[PDB]
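Listed below are the residues making up each chain.
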Amino acid sequence: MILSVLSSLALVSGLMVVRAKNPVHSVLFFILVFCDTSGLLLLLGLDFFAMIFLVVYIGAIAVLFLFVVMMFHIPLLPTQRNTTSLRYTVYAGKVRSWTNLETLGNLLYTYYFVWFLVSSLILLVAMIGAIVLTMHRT
Amino acid sequence: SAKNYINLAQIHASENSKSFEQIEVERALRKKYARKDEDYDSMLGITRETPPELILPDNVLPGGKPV
């Protein structure tokens, strides 16, 4: 039941984002959408992404949007009588069990390392573009 | 007209008598400052003013346009 109420509140916040009356409240609900989304990811079992969503989305992107706004103004049926006791747990593999961070870093920088450098180039493009356009310096 | 051509002749006098070494500098400055760009100059924080050698005296203007 924790998933249902959280998803519903996220949906309501997302709906109110697009039909907001002023940009400030739009950004405020935009933050709550990511808060609920991070909570949902936390329920999913991915703690790392659930907190990157705070660090990036409502840590830097939301702050950026708020700064700009300030100025310039087949399913399985719910019957579960004989399924909560049919869980087979393979104990092998629980010993030396990695987290969501070690597993990701194992293959992000070593096997699929070209895409990582492509993302670096994307970041450099953003950094250069934000400067060429907006340097008045008068 | 008689009074105006008197001060008109001074620029021709100061132009026809220029030495070759002065002419090189004059042509380089004229080509360098042919066109301007407020965008890049403002971005760099600098303003490109016309050199004093490239300023005609106000008395030969169409009636006075110091700006």
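Method of determination, as given in the entry header: cryo-EM; reported resolution: 3.72 Å.

The PDB entry lists chain B under the name Gamma carbonic anhydrase 2, mitochondrial, with Arabidopsis thaliana as the source organism. In the PDB, the structure is listed with the title "Cryo-EM structure of Arabidopsis thaliana complex-I (open conformation)".

As annotated in the PDB entry, chain A carries the name NADH-ubiquinone oxidoreductase chain 6 and is attributed to Arabidopsis thaliana. The UniProt entry for chain A carries the following text under Function: "Core subunit of the mitochondrial membrane respiratory chain NADH dehydrogenase (Complex I) that is believed to belong to the minimal assembly required for catalysis. Complex I functions in the transfer of electrons from NADH to the respiratory chain. The immediate electron acceptor for the enzyme is believed to be ubiquinone (By similarity)." Its UniProt record gives chain A a comment under Catalytic activity, which states: "a ubiquinone + NADH + 5 H(+)(in) = a ubiquinol + NAD(+) + 4 H(+)(out)".

Q: Is there a simple way to explain the overall build of chain B in this structure?
A: Helix and strand counts for chain B stand at three helices and zero strands. Along chain B, helices (α) and strands (β) appear in the sequence α-α-α when read from the amino end. The C-alpha atoms of chain B give a radius of gyration of 15 Å, which is well past the 11 Å a tight globule of 67 residues would have. The buried share among the 67 residues of chain B stands at 10%. Here chain B displays about 5700 Å² of accessible surface, and carbon together with sulfur accounts for 58% of that area. Once the 10 positive and 11 negative side-chain charges of chain B are each reduced to a mean point, those two points are 5 Å apart.

Q: Could you clarify how one ought to interpret the packing of helix α3 (residues 47-70) of chain A against helix α4 (residues 100-108) of chain A in this entry?
A: A packed helix pair is summarised by two numbers, namely the angle formed by the two axes and the spacing between the axes. All names here are of chain A. Look at α3 against α4: their axes get within 8 Å of each other, and the N-to-C directions meet at 85°. Between α3 and α4, the angle falls in the class roughly perpendicular. Contacts from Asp47, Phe48 and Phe49 of α3 reach α4 at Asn100, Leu101 and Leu104. For the contact of α3 with α4, the class distribution of residues is four nonpolar, one polar and one charged.

Q: What is the right way to read the pattern of salt bridges from this model?
A: Think of it this way: side chains of opposite charge can pair up when their charged atoms draw near. Residues and elements named next belong to chain B. All chains considered together, the criterion is met by five salt bridges over all chains. A salt bridge links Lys18 to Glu15; the shortest N-O distance between them is 2.9 Å. With relative accessibility at 40%, the residue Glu15 sits in the partly exposed group. Linking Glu24 and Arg27 is a salt bridge whose minimum nitrogen-to-oxygen distance equals 2.4 Å. Taken together, the residues span about one helical turn, with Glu24 and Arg27 both in helix α2 (residues 20-32) at a distance of three residues. Overall, the relative accessible area of 47% leaves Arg27 in the partly exposed class. Residues joined in a network through salt bridges with shared partners are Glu15, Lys18, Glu26 and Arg30.

Q: Would you mind showing me how to read the packing of aromatic side chains here?
A: Describing an aromatic ring pair means giving the distance of the ring centres and the angle of the ring planes. Residue and element names in this part refer to chain A. Taken as a whole and assessed by the stated rule, the structure comprises seven aromatic pairs over all chains. Taking 5.8 Å as the distance between ring centres and 65° as the angle between the ring planes, the aromatic pair formed by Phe30 and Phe65 counts as edge-to-face. Here the residue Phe30 occupies a position in helix α2 (residues 23-44), and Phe65 occupies one in helix α3, the gap between them amounting to 35 residues. Given the relative accessible area of 44%, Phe65 is considered partly exposed.

Q: What should I look at first to understand the interface of chain A and chain B in this one?
A: A common measure of how large an interface is: the accessible area buried when the components associate. Across the boundary between the two partners, chain A contributes six residues, which contact four residues of chain B. Carbon and sulfur atoms supply 51% of the area that chain A and chain B bury against each other, a total of about 340 Å² over both sides. Ranking the residues of chain A by area buried against chain B places A:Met135, A:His136 and A:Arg137 at the top, with a combined share of 73%. Linking chain A to chain B there are zero salt bridges.

What counts and what doesn't
- Residues numbered from 1 in each chain as written, not as in the entry; some residues may be left out.
- Chains lettered and ligands numbered in written order.
- Part of a larger assembly, values for the part shown.
- Heavy atoms only, no water.
- UniProt positions renumbered as here; feature names shortened; annotations may be inferred.
- Helix = DSSP H or I, 4+ residues; strand = E, 2+ residues; numbered from the N terminus.
- Rg over C-alpha atoms; globule rule 2.2 N^0.38 Å.
- Buried < 20%, exposed > 50% of the residue type's maximum accessible area, 1.4 Å probe, protein only.
- Areas by Shrake-Rupley, 256 points an atom, 1.4 Å probe, with all protein chains shown as cover.
- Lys, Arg positive; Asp, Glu negative; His and termini not counted.
- Charge placed at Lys NZ, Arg CZ, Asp CG, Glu CD.
- Axes fitted to C-alpha atoms, helices over the stretch in contact; angles between N-to-C directions.
- Parallel < 35°, antiparallel > 145°, perpendicular 65-115°, else oblique.
- Contact = heavy atoms within 4.5 Å.
- Nonpolar A, V, L, I, M, F, W, Y, C, P; charged D, E, K, R; others polar.
- Salt bridge = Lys/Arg side-chain N within 4 Å of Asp/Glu carboxyl O.
- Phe/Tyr/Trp six-rings, centres within 6.5 Å; stacked < 30°, edge-to-face > 60°.
- Buried area = accessible area lost by both parts, 1.4 Å probe.

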